[PDB]
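Below, in structure tokens: the form deposited in one PDB entry, a single chain.
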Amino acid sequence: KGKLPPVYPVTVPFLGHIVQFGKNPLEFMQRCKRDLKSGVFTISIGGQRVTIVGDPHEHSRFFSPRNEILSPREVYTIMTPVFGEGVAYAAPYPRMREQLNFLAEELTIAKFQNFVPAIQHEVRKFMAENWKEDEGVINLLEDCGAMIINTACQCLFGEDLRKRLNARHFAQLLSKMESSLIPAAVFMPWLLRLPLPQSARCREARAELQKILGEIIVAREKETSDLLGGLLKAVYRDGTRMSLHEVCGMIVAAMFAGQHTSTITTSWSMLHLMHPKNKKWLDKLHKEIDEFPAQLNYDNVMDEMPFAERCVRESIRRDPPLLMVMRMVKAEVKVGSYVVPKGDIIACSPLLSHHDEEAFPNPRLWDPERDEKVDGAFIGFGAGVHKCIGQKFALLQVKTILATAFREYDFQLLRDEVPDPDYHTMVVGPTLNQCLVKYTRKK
């Protein structure tokens, strides 16, 4: 029964704050911060109070609590049709933890034996089919997209599986599923209690994939180290296995999670590096990768490439593909001198934290050699219990593609300045039609 955060007073147009959030979210949240003179503050959306933790020193309040107190279940009901009932966020809180952890186990550094070669293998194959000429023009964003999905499938899926479901069909399933979503319904929980037609189409689409996975398992058992096999070998505390229904859901979530995020990180990283005023940084990277043979390996990429890590990390720092991390308060919580009541939605913003000037002096500058001036202010992958569990995989895959690509080609951007981000989409990246790039096959 203490002090509530200050409240931006309710506005009339229905969900109108989302339109501002989709146009310039940074200025928007910065105004909120200035006007009410508080890093912690509250806006109302569709009659849903949303409290934004906008002070980087307070990050621990947000990321520390357990799922029974700050819960993501209620904020991600949109996903239940694409992932499936009883799966991840639509799963009881214990079963949910074990599930997320099983997937995390499958993506530990300890599991990446063949990955870097499988990945180099795919990138080379891709560059050979589409970058055939001595020079040519491409959309970098679309091509990274292709590479990420193709590389992920080589790593994670066995030969038998890929033969039944290639990456291009997989990419279509993921796209169809995305397109069926209503992101703004995060603020319309009443909508999601109603029958949606496209909820049912997507469950049929996911039952087709489940069928495939089942046929494969039966085949394997006639004649189990890929993701599918790993997950089927998993055991809960009570000594039971995951259903194939749960496994199919986890695999979809895994690929869905990485489709846009990894893609966008690669694109930005490349875009900054090929930019003239960053020549200096491009040379620094050439030195680092020239120092290696051609066929790379785990150690090279993960252990022996600290400057690549910086470039990638700084790209996420400048343009976090996920603008906002959110939770449903199931029991009230302190934050600075305030309390945040149960039922509120509580939110923390990588975009905002990453442009705080105490935290990142001259935030608009991309500088791979900078460091946070506030500890924990970088939250591109979050922090705490809920920190990204595909971070190490995401980074392997991005670092490898960088290293393979820049070794074999020069890249020229076909406009003066680096692309504007497009804040209209769920996952934020560079504007598609500003991503035109001319490759040049190297001597």
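Just so we're on the same page, rigid core means the largest C-alpha set that superposes within 1.5 Å between forms. So that there is no doubt, residue numbering starts at 1 and follows the sequence shown.
This protein has a second form, the form deposited in another entry, left out of what is shown; the following refers to that one.
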Which one of 138, 100, 90, 196 is the only residue whose C-alpha moves by 2 Å or more between this form and the one not shown, after superposing on the core? 196
Is_shifted residue 431 between this form and the one not shown (CA, 2 Å cut-off, rigid core): no
Assuming the CA distance changes by 3 angstroms or more, are residue 256 and residue 15 closer together or farther apart in that other deposited form compared with the shown structure? farther
Quick one: in that other deposited form, is the Cα gap between residue 13 and residue 425 smaller or bigger than here? Answer closer or farther; it shifts by 3 Å or more. farther
